[PDB]
Each structure stands twice: as structure tokens, then as C-alpha cells.
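Q: Input: one structure, supplied below.
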Amino acid sequence: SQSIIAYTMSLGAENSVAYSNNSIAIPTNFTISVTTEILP
Amino acid sequence: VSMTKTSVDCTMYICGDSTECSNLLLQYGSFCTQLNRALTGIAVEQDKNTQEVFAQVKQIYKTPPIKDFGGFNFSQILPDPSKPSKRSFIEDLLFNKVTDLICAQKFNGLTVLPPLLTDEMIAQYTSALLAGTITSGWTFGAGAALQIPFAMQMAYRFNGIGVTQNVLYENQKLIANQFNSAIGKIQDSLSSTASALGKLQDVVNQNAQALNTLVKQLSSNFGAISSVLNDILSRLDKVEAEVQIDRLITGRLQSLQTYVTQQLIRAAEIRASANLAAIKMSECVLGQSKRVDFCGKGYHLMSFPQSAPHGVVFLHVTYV
Amino acid sequence: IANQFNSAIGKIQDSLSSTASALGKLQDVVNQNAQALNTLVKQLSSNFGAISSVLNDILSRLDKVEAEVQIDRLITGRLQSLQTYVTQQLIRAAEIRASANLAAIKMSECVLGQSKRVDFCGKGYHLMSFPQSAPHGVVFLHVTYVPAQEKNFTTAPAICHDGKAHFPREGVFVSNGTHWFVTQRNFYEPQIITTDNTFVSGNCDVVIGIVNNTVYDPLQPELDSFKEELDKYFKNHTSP
Amino acid sequence: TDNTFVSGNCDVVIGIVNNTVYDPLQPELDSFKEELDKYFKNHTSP
Ligand SMILES: *[C@@H]1O[C@H](CO)[C@@H](O[C@@H]2O[C@H](CO)[C@@H](O[C@H]3O[C@H](CO)[C@@H](O)[C@H](O)[C@@H]3O)[C@H](O)[C@H]2NC(C)=O)[C@H](O)[C@H]1NC(C)=O
Ligand SMILES: *[C@@H]1O[C@H](CO)[C@@H](O[C@@H]2O[C@H](CO)[C@@H](O[C@H]3O[C@H](CO)[C@@H](O)[C@H](O)[C@@H]3O)[C@H](O)[C@H]2NC(C)=O)[C@H](O)[C@H]1NC(C)=O
Ligand SMILES: *[C@@H]1O[C@H](CO)[C@@H](O[C@@H]2O[C@H](CO)[C@@H](O[C@H]3O[C@H](CO)[C@@H](O)[C@H](O)[C@@H]3O)[C@H](O)[C@H]2NC(C)=O)[C@H](O)[C@H]1NC(C)=O
Ligand SMILES: *[C@@H]1O[C@H](CO[C@@H]2O[C@@H](C)[C@@H](O)[C@@H](O)[C@@H]2O)[C@@H](O[C@@H]2O[C@H](CO)[C@@H](O)[C@H](O)[C@H]2NC(C)=O)[C@H](O)[C@H]1NC(C)=O
Ligand SMILES: *[C@@H]1O[C@H](CO)[C@@H](O[C@@H]2O[C@H](CO)[C@@H](O)[C@H](O)[C@H]2NC(C)=O)[C@H](O)[C@H]1NC(C)=O
Ligand SMILES: *[C@@H]1O[C@H](CO)[C@@H](O[C@@H]2O[C@H](CO)[C@@H](O)[C@H](O)[C@H]2NC(C)=O)[C@H](O)[C@H]1NC(C)=O
Ligand SMILES: *[C@@H]1O[C@H](CO)[C@@H](O[C@@H]2O[C@H](CO)[C@@H](O)[C@H](O)[C@H]2NC(C)=O)[C@H](O)[C@H]1NC(C)=O
Ligand SMILES: *[C@@H]1O[C@H](CO)[C@@H](O)[C@H](O)[C@H]1NC(C)=O
Ligand SMILES: *[C@@H]1O[C@H](CO)[C@@H](O)[C@H](O)[C@H]1NC(C)=O
Ligand SMILES: *[C@@H]1O[C@H](CO)[C@@H](O)[C@H](O)[C@H]1NC(C)=O
Ligand SMILES: *[C@@H]1O[C@H](CO)[C@@H](O)[C@H](O)[C@H]1NC(C)=O
């Protein structure tokens, strides 16, 4: 039931931001994350 | 940021509709494939360069419908739902100003592929970057987007240039009025002249010229009896035709190697421009530059991207 | 913090163990130097119209005037092969220089220090990076502080107390709904609004969206407790 | 107290040490206590 499909790429999830003239969000917690970056 | 995805059938550009020329071209062989690998290299590179500059965030941020941004009137640089393609106002000025030869190339086995991202998709990444910058400041770059009141973002910016946050609030009207006045000049400028966009036009005109020049080398004798392949094949037999064709294959193949060498080199220029633009996005748009003049003259406050044909515009905001 | 870092380094060994594509750029460069070498080799086999690809055979069939024609095809075509490969390689090399110069700048700014450039040393606010060697290349293990659990709050630009206007020295003013606090712009830790947390400029009329609350003074109860110390020496001095 | 800032209690910081921390306001008031006590005492006198 698998097949080759074709589609317009969705660039990501949609997300309207919770903006208001008096609203802020603040991180109560954080992740220490490590990435690799590879260079010639 | 990018340029046209040229693709050429080397056999097409050397030996259009001749099997005799095809057999002779096989005496050289891999030069035909090798150039196609090189052009295919540059053609796939455009999608990288365009992803690297614009696809810096993998989530599509959108403006609220209400525009309580402290008087800062971004409506000139945000999208327009009334349009048949959803760019902003200032982006239509960019698209209107940058500019049969294109069919003449098409007859010769030269082709131009479309980019992976449509110019609307570029406007869509730009919409997310710009709306993100307004609604969220730098925070959408470094993590999940945190909303902030726009004048509270501007206070942070002011502190980022060591100017105290009360110096913002004590003049918020004058600041918004000047921001609006400046974007008014950005429109007036980009509406008036076309010379400021001359970097992009000069990039198009080189690529277009290199295709015109490569076309104009077909109409060359190279010291064979005709510049036209068929007019040799019509007149001469398998002893004599081959010697007049072998010259045109040689001259034409040398003329292709030249165009491809020029284009690989040209593409190294554009990639430097792509890397610079990606950094300018990453630091001026997703951040605040402490780097001096790197985001325009004056102390950096913030910058807004606007899409352009094969390039990007940064609108840098500076305290002076 | 240490446990999250240990958990992250664990994921690096796992990532590099799990996918073929991770060393993509380095494996790409090796493939391009080898493919270009084999392409250069393979042009030795091409006739260029000469009666053989093998240079000795031609000598074994033609004199100094006809061998010169057949051999000059192979020289011209061959020399064009080296002039091709060396051009591709001078170009390839120019790509590698820009990569190396970035990698030198990243070594300096991401390893010998801590960059403020956004996303320059990996995604998230930078803390440090560890360099690792690779075939013809370098890997950076960039360490960043990524915000992870945000909460909604009300905020105001400024506060009015004595009918003068007040601002954070560093931080932002936020309400839990019922009480106003000041806190650092990049981690939630609320504080009582005090003179020491704040600085003052002007009256309450100019700042748009300004709100009313107390400002606490840590000198004040240190003098109130000193007024009550003073009154108790007075009441005692009423007794004799 | 002006060179420093304050958070939490003594349990959480690995390797925290003990010392005094000075308050410049303390003797600035305590000399005002000696000044005050000299008024109190003199007012016993008349
Ligand atoms: C917003 O933050 C406020 C400060 O944390 C918080 O108010 C505090 O609420 C606690 C109870 O939850 C009170 O605790 C005290 O209650 C009496 C005081 O006489 C004592 O018996 C207790 O031992 C204890 O000391 C605090 O007094 C109160 N603080 C203030 C400044 O009023 C609010 O509850 C928070 N609001 C929300 C929506 O959670
Ligand atoms: C924030 O707190 C302020 C202090 O309580 C408050 O200011 C007070 O507002 C009222 C109404 O404007 C004034 O009322 C008096 O106004 C004149 C005299 O100036 C008289 O004609 C009236 O009858 C009345 O007595 C107070 O004098 C005024 N005091 C000060 C120092 O401002 C703000 O209005 C409060 N704002 C909000 C949004 O709550
Ligand atoms: C820093 O100063 C701290 C406060 O003086 C001090 O904590 C005190 O340390 C002593 C010795 O560890 C404890 O002594 C008592 O311990 C238990 C009861 O808790 C009893 O069994 C013992 O007989 C004895 O009475 C104190 O209780 C403890 N006080 C507190 C509030 O924790 C630190 O030890 C000092 N650290 C350094 C390195 O100087
Ligand atoms: C952050 O807030 C938005 C909306 O703002 C608040 O929403 C009210 C419920 C109340 O708290 C008001 O004082 C604020 O204006 C939240 O958006 C809501 O999300 C839910 C789904 O989770 C959705 O059903 C609602 O329609 C949304 N409402 C609005 C106005 O957008 C958002 O979820 C909050 N985020 C967090 C982490 O609390
Ligand atoms: C901040 O986030 C970390 C996880 O990223 C939280 O640590 C976890 O805490 C729960 C209990 O609440 C434990 O079950 C997990 O095993 C913990 N994980 C680790 C890595 O220790 C941390 O408690 C959060 N802090 C706050 C204030 O919520
Ligand atoms: C933001 O600026 C735009 C441009 O001046 C304003 O939109 C114009 O508003 C006037 C008055 O209604 C109209 O005559 C124009 O036709 C509008 N132009 C466009 C492009 O919409 C807008 O009103 C301003 N917003 C604020 C809050 O000042
Ligand atoms: C700072 O300079 C600004 C202009 O850049 C001044 O604002 C103008 O002031 C005059 C009156 O002096 C008004 O007629 C203009 O309409 C104002 N322009 C705007 C856009 O607001 C401002 O007055 C100066 N302030 C100080 C303290 O020197
Ligand atoms: C914030 O928005 C509300 C409408 O939601 C408006 O009535 C109010 O005046 C605004 N206040 C500020 C400080 O911008
Ligand atoms: C009251 O003052 C006297 C000296 O005048 C002193 O001896 C006594 O301890 C004081 N008592 C109290 C309760 O302060
Ligand atoms: C520091 O190291 C010594 C061992 O050399 C250890 O006994 C001591 O408890 C350590 N203190 C801290 C704060 O790590
Ligand atoms: C009392 O104190 C005053 C200072 O307030 C001083 O001038 C005066 O000499 C004192 N008199 C006695 C008797 O101590």
C-alpha cells in the first residue's frame, strides 16, 4: 500500500504567536543541548 | 543569494542532431558527462544557498490580526492578503525593478530549471522571520518563540547599545514616528531609482550574457568550411566531413569548457555572497549585532529581511 | 546541568553510531577528490581520433611524419585533460579554503572563547564548544543553553510608587496575576521590587502602559526597627 | 552587601564557605546609636 507521492512542501508547522501589548513568556527551565557541527 | 539553474545537454550544445558528431564526440568521451556533473553541481547548490539564507527557522510564525506594536507601523513590510501573490508592499518594488534570447538559448539544448522554493515560499519564510522578529525579538532564534511587548523588545535593544531603557520610553512617539518616516523613505527610494538594486541586475546580466556568448559561439567557423554542422554533413562524405566536423567539435567543446569554468568561478562568488547573507540573517535578523557597521552604519537596533529576485534585502534599523 | 550535559554527550556517541549521513561533508570531499582522480585516469583510454590509445602501437605502424599527427592528437587531448582536472582542483581547493577559514574562526570564537553571535556556535545561547579531529576535517561539539519550559505572564514597562516612574536595572517587571516582581530576562526567578533592583526617572505621565504598585525600601525597616529601639530607650527613660 | 547579591540558603551551593559579609549601613547607623545614647544619657543629667 506504499506508493511514490508528490506534494507542495509544507515549510513547517503553522504557529500564530501569543503576542499582546502586555504579555511576556519566560523560561522557568532550560535544556543544556549539545550539537555536532562538521567542517572540512 | 542564488542564480538561474542552468542545465545543458553537452551533446546538444556540440552535436545537435548529428550521429556522425556523436560518434566523433565519443573519441573524447567523458568531457561531456564531466561538464554536466559540474553544471548539476551548481544547479543543486542553489537550493542549498536559498535554504541556508531563508530556512533558518523550521516553524512558520504569523502576525496577530491586531497591530498594537507601540506605533511602529510594519504594514509596509508585512504581507498583503489583497495580492495575487502574498508578498509585502516593499517586496513588489523589488520584484518590479529587476529584469527572443531566452527562446534562442532553448533551441540550442540550454535549459533553466525552476528553483525548489517558489518566490511565495521565500516570502513565506521571510514572513515568519519578520513576524518572529516583531512579536518575539531574538528569542525565536535561540529557542521556542517568547512573545514580548514591542517597546519592551526595543528597550532590550537600547540596553544592547548601552543606551538606557528610559531613553526609549521618554521618546517612544518620536522613535515610532522616525521608524515610520524611515520606511516611508525606503518605499520612496525603491520606487524612484533602480540603481541601488544594481548588484542583482549585474548578477543577472552576467549570467544572461554568458548564455548569449555561449550561444554566439555556435555561429563560428573555427576554421571549418561552415559554422553550421549540417551544412558540412550535406556537402561532404565520411572521409572529408569528419575532418571539418572534428574542428567544430574541438572549437565548440573548448567554448563549453570555457563557459563552465567561468560559471564554476562565478558560482564561487555567489556562494561567498550566500554565506555572507546567511550570516547577515543569523546575526542582524535573529540577533543584535555588537559588530560595528556589520548591520549598516550607526549602532545596531534590529533588521528586517525582504525577498528579492535571486537575492535578499536587509532593512537595518540603527540608533544614530 | 551536569546530568543534562552527560545525557547530551551520550546522544553524540549514539548519533554518530546511528546514521550514515553525519560525516556527509567529509565523505563528500573524499568522494570528489577520488572521482576527479579517476576521471583524469580515464581520459588516458580515450582515442581522440588517433588509431590507438596506446602510444607505442602508433610508433609500430607509422613514420616520423604520420606518428607526429596521430601522437599530437593524444598530446593535445591529454594536455587538455590535465588543464581540466587542475582547473577543477584549483576551484575545489578554493571552496576548502573558505571552509578552513570559517573552521579557524570557529576554533578561535567557539573554542578559545564564548560567542554572542546568534546561531554562530550551534543553535541556542552559546556556553562552550569542544573540538574533535576527523579525516581531513574538524568536528565541533557546540554546547548551548536552550530555553525549554516557558510560562505566560503579564508584564508592564515601568512602575509608579511615589508618583515617580521606576525601571529594572537589569531584568523585566512581571505579575503572577496578584503581585508585581522583577526578574532576569532569560530565566524565571521573581524578586521583590526594591530600590536596589531598580532606577528612577521622571513622573508617571509620559510612560505609556505604566502601572501602580509599592516599591519596597530595605533601608526603611532597618530604620523602623531603629525607631522602635529609640522609643524603648524613651519609655525606659520615663521610668526613673 | 554592595559588591555581592543574595539568593537561597547554605545547603545548595557545592563548596560554599563561611565568612562575614560587611554592611556599610551597619556602623553608619551604629555611630548614630552612640550619638543617640549620648543624648539619652545627657537628658538623665538635668
Ligand atoms: C503571587 O505571588 C505571591 C508571593 O509569593 C503570593 O502571595 C503569598 O501567598 C502566600 C500563601 O500562598 C502568603 O503566605 C503567608 O500567609 C500568612 C501571611 O500572614 C502566613 O500565615 C503564612 O505563614 C505565610 O507567611 C504570602 O503572605 C503571600 N505574599 C504576599 C506578598 O502577599 C500569591 O499567592 C501568588 N498568586 C498566585 C495567583 O498564586
Ligand atoms: C495610580 O495611583 C495614583 C495615586 O493614587 C493615582 O493618582 C490619583 O488619581 C486621582 C484621579 O485622577 C486624583 O484625584 C484628585 O484629582 C484632583 C486633585 O488633583 C481633584 O479634583 C479630585 O477630586 C481628586 O481629589 C489623585 O489626586 C491622584 N494622585 C496622584 C498622586 O496621582 C492614579 O490615578 C492611579 N492610576 C491608575 C491607572 O490607577
Ligand atoms: C559554616 O557555618 C555554619 C553555621 O555555623 C556551620 O553549620 C553548623 O555546623 C556544625 C558542625 O557541622 C553543626 O553542629 C551541630 O550538628 C548537630 C546538629 O545539627 C549536632 O549533632 C552537633 O552536636 C552540633 O551541635 C551545626 O548544627 C551547623 N549549623 C547549621 C545551621 O547547619 C557549617 O558547618 C560551617 N561550615 C564551614 C566549612 O565552616
Ligand atoms: C498563553 O496565552 C494564550 C492566550 O493568552 C491568555 O489566554 C487566556 C486563556 C487567559 O490566560 C488570558 O489572560 C490571556 O490572554 C494561550 O492561547 C490559548 O491556547 C489554548 C490551547 O492551549 C486555546 O484553546 C485558546 O483559544 C488560546 N487563547 C488565545 C487567546 O490564544 C496560550 O495557550 C498560553 N500559553 C501557555 C503556555 O499558557
Ligand atoms: C527542569 O527540567 C529537568 C528535565 O530537563 C527536570 O529534571 C527532572 O525532574 C523530574 C522530577 O520533576 C525527574 O523525574 C527527572 O528524572 C529529572 N531529570 C533530570 C535530568 O534530573 C528539572 O526537575 C526541571 N526543573 C524544574 C524547576 O522544573
Ligand atoms: C500604517 O501606515 C499605513 C500607510 O500610511 C496606513 O494605511 C493607510 O491609511 C490611510 C488612512 O486610512 C489610507 O488612506 C491608505 O489607503 C492606507 N494605506 C494602506 C497601504 O493601507 C495605516 O493606517 C497606518 N496604521 C497606523 C496604526 O498608523
Ligand atoms: C530631537 O530631534 C527631533 C527631530 O529628529 C525633534 O523632534 C521634532 O521637534 C520639532 C519641535 O522642536 C517638531 O516640530 C517636529 O515635528 C519634531 N519631529 C518629530 C518627528 O517628532 C525633537 O524635538 C528633538 N528633541 C530634543 C530634546 O532635542
Ligand atoms: C493594550 O490592549 C488593549 C486591548 O486589548 C487596549 O485597550 C489597551 O489600551 C492597550 N494598552 C497598552 C498599554 O498598550
Ligand atoms: C533600662 O535602662 C536602665 C539604665 O537606665 C538599664 O539598667 C535597664 O537594663 C534597662 N531596661 C530595659 C528593659 O531596657
Ligand atoms: C575538592 O577536592 C577535594 C579532594 O582533593 C575534596 O575533598 C573536596 O571535598 C572537594 N570540594 C569540592 C567543593 O569539590
Ligand atoms: C550635654 O550634651 C550637649 C550636646 O548635646 C553638650 O553640649 C553639653 O556640654 C552636655 N552637658 C553635659 C553636662 O554633659
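To be explicit about the labels: the chains of the C-alpha cells are called A, B, and onward in the order shown, and within each one the residues are counted from 1, while ligands get numbers from 1 in the order they are shown.
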May I ask you to extract the residues of chain C within 7 Å of chain B, using only C-alpha atoms, and to give them as a list in words?

A: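 My answer is residues 46, 47, 48, 49, 117, 118, 119, 123, 124, 125, 146, 147, 157, 206 and 207 of chain C.
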
Q: Within 7 Å of ligand 1, which residues of chain C show up? Give each one with its shortest atom-to-atom distance in Å (one decimal) and the two atoms involved, counting only C-alpha atoms and all ligand atoms, rows by chain then rising residue number, as CSV.

A:
```
residue,atom,partner,partner_atom_place_in_ligand_line,distance
C:176,CA,ligand 1,1 (C),5.0
C:177,CA,ligand 1,38 (C),5.5
C:178,CA,ligand 1,36 (N),5.0
C:179,CA,ligand 1,1 (C),5.1
```

Q: Quick one: pick out all strand (DSSP E or B) residues within chain A from a backbone DSSP run and write them as a list in words.

A: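 Reading the DSSP output for chain A, strand (DSSP E or B) covers residues 13, 14, 15, 16, 23, 24, 25, 26, 27, 28, 29, 30, 31, 32, 33, 34, 35, 36, 37, 38 and 39 of chain A.
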
Q: Taking only C-alpha atoms and all ligand atoms into account, which residues have an atom no farther than 9 Å from ligand 5? I'd like them as a PyMOL selection string.

A: (chain A and resi 28-32) or (chain C and resi 1-4+7+148-149)

Q: Could you save the residues just selected, with N, CA and C atoms, as a PDB file, in the first residue's frame?

A:
```pdb
ATOM      1  N   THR A  28      11.114  29.055  32.760  1.00  0.00           N
ATOM      2  CA  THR A  28      11.287  28.520  34.109  1.00  0.00           C
ATOM      3  C   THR A  28      12.277  27.373  34.159  1.00  0.00           C
ATOM      4  N   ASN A  29      12.577  26.808  32.992  1.00  0.00           N
ATOM      5  CA  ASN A  29      13.555  25.765  32.821  1.00  0.00           C
ATOM      6  C   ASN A  29      14.143  25.793  31.415  1.00  0.00           C
ATOM      7  N   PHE A  30      15.283  25.144  31.262  1.00  0.00           N
ATOM      8  CA  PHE A  30      16.119  25.157  30.080  1.00  0.00           C
ATOM      9  C   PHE A  30      16.772  23.790  29.900  1.00  0.00           C
ATOM     10  N   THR A  31      17.080  23.452  28.661  1.00  0.00           N
ATOM     11  CA  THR A  31      17.931  22.324  28.317  1.00  0.00           C
ATOM     12  C   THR A  31      19.321  22.788  27.952  1.00  0.00           C
ATOM     13  N   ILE A  32      20.323  22.158  28.548  1.00  0.00           N
ATOM     14  CA  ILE A  32      21.673  22.163  28.008  1.00  0.00           C
ATOM     15  C   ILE A  32      21.671  21.166  26.866  1.00  0.00           C
TER      16      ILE A  32
ATOM     17  N   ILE C   1      22.393  20.329  35.585  1.00  0.00           N
ATOM     18  CA  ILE C   1      23.142  20.866  34.453  1.00  0.00           C
ATOM     19  C   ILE C   1      24.201  19.870  33.992  1.00  0.00           C
ATOM     20  N   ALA C   2      24.990  19.342  34.924  1.00  0.00           N
ATOM     21  CA  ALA C   2      25.979  18.330  34.604  1.00  0.00           C
ATOM     22  C   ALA C   2      25.318  17.072  34.018  1.00  0.00           C
ATOM     23  N   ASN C   3      24.181  16.642  34.563  1.00  0.00           N
ATOM     24  CA  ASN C   3      23.474  15.465  34.074  1.00  0.00           C
ATOM     25  C   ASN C   3      22.935  15.665  32.661  1.00  0.00           C
ATOM     26  N   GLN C   4      22.362  16.828  32.365  1.00  0.00           N
ATOM     27  CA  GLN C   4      21.929  17.144  31.011  1.00  0.00           C
ATOM     28  C   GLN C   4      23.100  17.102  30.032  1.00  0.00           C
ATOM     29  N   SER C   7      24.029  13.451  29.475  1.00  0.00           N
ATOM     30  CA  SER C   7      22.956  12.965  28.593  1.00  0.00           C
ATOM     31  C   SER C   7      23.121  13.408  27.134  1.00  0.00           C
ATOM     32  N   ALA C 148      13.546  25.932  27.611  1.00  0.00           N
ATOM     33  CA  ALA C 148      12.808  24.664  27.453  1.00  0.00           C
ATOM     34  C   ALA C 148      11.391  24.609  28.047  1.00  0.00           C
ATOM     35  N   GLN C 149      11.114  25.304  29.159  1.00  0.00           N
ATOM     36  CA  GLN C 149       9.786  25.349  29.785  1.00  0.00           C
ATOM     37  C   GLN C 149       9.390  26.788  30.098  1.00  0.00           C
TER      38      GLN C 149
END
```

Q: So which residues are near ligand 9, meaning at most 10 Å away with only C-alpha atoms and all ligand atoms counted, given back as a count of residues only?

A: 13

Q: Please identify the residues whose atoms come within 7 Å of ligand 2, using only C-alpha atoms and all ligand atoms, and report them as a PyMOL selection string.

A: chain C and resi 163+211-212

Q: Find the residues near segment 5-20 of chain A: any atom within 7 Å, counting only C-alpha atoms, skip ones fewer than 3 places away on the same chain, and give them as a count of residues only.

A: 12

Q: Could you give me, as a list in words, every polymer residue with an atom at most 6 Å away from an atom of ligand 8, counting only C-alpha atoms and all ligand atoms?

A: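 So the residues close to ligand 8 are residues 21 of chain A; 208 and 209 of chain C.
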
Q: Convert the current residue selection to file output with C-alpha atoms, as a short mmCIF file (atom, residue, chain, number, x, y, z; two decimals), in the first residue's frame.

A:
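As written to disk, result-v9.cif reads:
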```
data_model
loop_
_atom_site.label_atom_id
_atom_site.label_comp_id
_atom_site.auth_asym_id
_atom_site.auth_seq_id
_atom_site.Cartn_x
_atom_site.Cartn_y
_atom_site.Cartn_z
CA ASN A 21 0.88 44.73 24.28
CA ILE C 208 2.75 54.51 28.09
CA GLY C 209 1.29 51.46 29.93
#
```

Q: Name each residue within 12 Å of ligand 3, counting only C-alpha atoms and all ligand atoms, as a ChimeraX atom specification.

A: /D:9-11,14-20

Q: Would you output that residue set with N, CA and C atoms, as a short mmCIF file (atom, residue, chain, number, x, y, z; two decimals), in the first residue's frame?

A:
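Written output follows (part_36.cif):
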```
data_model
loop_
_atom_site.label_atom_id
_atom_site.label_comp_id
_atom_site.auth_asym_id
_atom_site.auth_seq_id
_atom_site.Cartn_x
_atom_site.Cartn_y
_atom_site.Cartn_z
N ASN D 9 19.76 29.53 50.39
CA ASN D 9 20.31 29.22 51.70
C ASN D 9 21.60 28.39 51.57
N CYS D 10 22.28 28.13 52.68
CA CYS D 10 23.57 27.45 52.68
C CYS D 10 23.57 25.99 52.18
N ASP D 11 22.44 25.30 51.96
CA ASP D 11 22.52 23.87 51.58
C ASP D 11 22.94 23.60 50.12
N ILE D 14 27.48 23.67 46.22
CA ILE D 14 28.63 22.80 46.47
C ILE D 14 29.88 23.66 46.74
N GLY D 15 30.59 23.41 47.84
CA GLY D 15 31.82 24.13 48.19
C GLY D 15 31.68 25.58 48.69
N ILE D 16 30.48 26.07 49.00
CA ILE D 16 30.30 27.38 49.64
C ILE D 16 31.05 27.45 50.97
N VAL D 17 31.70 28.58 51.28
CA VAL D 17 32.48 28.76 52.53
C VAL D 17 31.88 29.81 53.45
N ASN D 18 32.37 29.87 54.69
CA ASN D 18 31.90 30.83 55.68
C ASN D 18 32.85 32.01 55.82
N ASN D 19 32.28 33.20 55.93
CA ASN D 19 32.97 34.43 56.25
C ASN D 19 31.95 35.45 56.75
N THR D 20 32.37 36.56 57.37
CA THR D 20 31.47 37.71 57.44
C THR D 20 31.22 38.30 56.05
#
```

Q: Just the residues within 9 Å of residue 16 of chain B, please, counting only C-alpha atoms, with nothing from its chain fewer than 5 positions along; format it as a ChimeraX atom specification.

A: /B:11,21-22,108-109,229
